[PDB]
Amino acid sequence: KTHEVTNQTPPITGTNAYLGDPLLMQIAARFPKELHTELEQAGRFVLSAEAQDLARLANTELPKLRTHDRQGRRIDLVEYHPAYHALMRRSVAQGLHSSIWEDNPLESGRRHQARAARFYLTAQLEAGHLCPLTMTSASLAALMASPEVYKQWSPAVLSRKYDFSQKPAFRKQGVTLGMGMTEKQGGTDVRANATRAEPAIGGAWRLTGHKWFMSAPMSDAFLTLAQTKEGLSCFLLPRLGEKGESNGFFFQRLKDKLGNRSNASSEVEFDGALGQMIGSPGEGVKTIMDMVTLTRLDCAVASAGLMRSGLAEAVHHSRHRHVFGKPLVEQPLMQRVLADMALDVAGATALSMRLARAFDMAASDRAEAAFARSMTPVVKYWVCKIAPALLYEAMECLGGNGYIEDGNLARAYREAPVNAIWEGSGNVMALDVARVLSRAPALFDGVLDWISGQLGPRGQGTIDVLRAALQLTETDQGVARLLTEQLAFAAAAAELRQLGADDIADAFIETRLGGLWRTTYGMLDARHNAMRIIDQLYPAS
């Protein structure tokens, strides 16, 4: 041999991602014991060596579109690696697509939070297959606009048996649902959709057009927007007909994507595809409003989990990798970088779960409903859009191996932009935040009141900043991103206080609410012990 291999970091595999995360455990502290037991088992699974192999395979053995069979007939099939189906099977059995719609007494009053904690853990393992599960869970809220259609589909949708066979949906053990919104001329401006729907025999509708981005193409049906005589309408469009034949779907290509690669995203064209209208004619936008809101929470929770998993690897690496004779984690500068990132990961996780809590409490508490209506785009804006910069710095903490695809940080870095881009990007979230202030000032008083209650009298200066930003946004729409980010900082700070993470909150408040312009991590002085921040959030395991 020419050399020895020394000073290598042992893998994080085999430990428990839930029990290694005290902030998450505090977030779940009031869950019933049965949920704690399930989260510990989930925490063990997502760091197991077998699960990590499935995640690597799903993202390297990529889905393939087969437009035709060997004799020249169209079949419009997308084939996946078995690893994809194994992840789907377990997450569907776990109810990640269905549990908020189920009647489970152990989760009463906690359905969004219980699911969000599971979602957060799974996103640390493999994020791509979460897309069909997010769309399936959220799609049922659109189906509520037509209760007969909900009653018809929900038994099949809520089934916890995953079924990827090419049977018609009504013969499958369970079904999944997708979304056909974006067209080539725009995904934001859905009223510019040119897909058209025309009445057909039997009260159905026939659709002709295209959708430029349709993820999870082997879903059994798709919520789709199309124009009718009275405006943009929403439809439930099955991929297959009752005998299993194609329903006018023509897949053109799969996207060659930066990340999210385990999840096939197709370009599709429709020729006479038959479907049911969902909601009132011309009310397509209103019909899908609650569906989109549900996907935005998932985008935040998953981005937070992505950041958590990437930073845990950086902290763990620092504890074992020696440089100049001692572990990297004993270097003051590495301590400041790791602790500074931990503050944002902590704030993003607390805020994302606080939004889930507002969803659970909205029906019984007007102030929580106010938070739920107005802050979903704030949380999606900030949590998702900080992930690329933070995951890059976490990757840099690994040195050269961090840049190599046989690890996890490269894949997570490639993944991070998708949650921010996939549905409403930053500018769309921020304008949404400003519109709600223009139409419902009372909602932001309620949020400001919750923030002020948690920060206490010392936080009144932050409240004044937020009011000034709200008022300035009415003067100038261009400052809507400033308003959105400041709201997120303040709400994350408030929740860290609510959770009792007072050392974390102190340092978070001093920097994000009191510090100066910065562009890189590590902007902490010695006033707060950095090693304590790191040990509190990433205890050595």
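Each residue number is its position in the shown sequence, starting from 1.
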When mean C-alpha B-factors in the record are compared for 154 to 162 and 318 to 326, the larger belongs to 154 to 162
Going by the average Cα B-factor in the PDB entry, point out whether 189 to 197 or 90 to 98 comes out higher. 189 to 197
Between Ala264, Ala442, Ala83, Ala350, where does the Cα B-factor run highest in the record? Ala442
Which listed residue, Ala358, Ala363, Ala127, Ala138, has the largest C-alpha temperature factor in the record? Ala363
Should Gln486 be placed in the lowest, middle or highest third of its chain by the C-alpha B factor in the entry? middle
Using the B-factors in the PDB entry, rank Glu79's C-alpha atom against the chain and give the third, lowest, middle or highest. middle
Using only modelled residues of the chain, where does the Cα B factor of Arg70 rank: lowest third, middle third or highest third? highest
Among all modelled residues of this chain, ranked by Cα B factor, put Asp220 in the bottom, middle or top third, i.e. lowest, middle or highest. middle
Split the chain's modelled residues into thirds by Cα B-factor; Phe250 lands in the middle
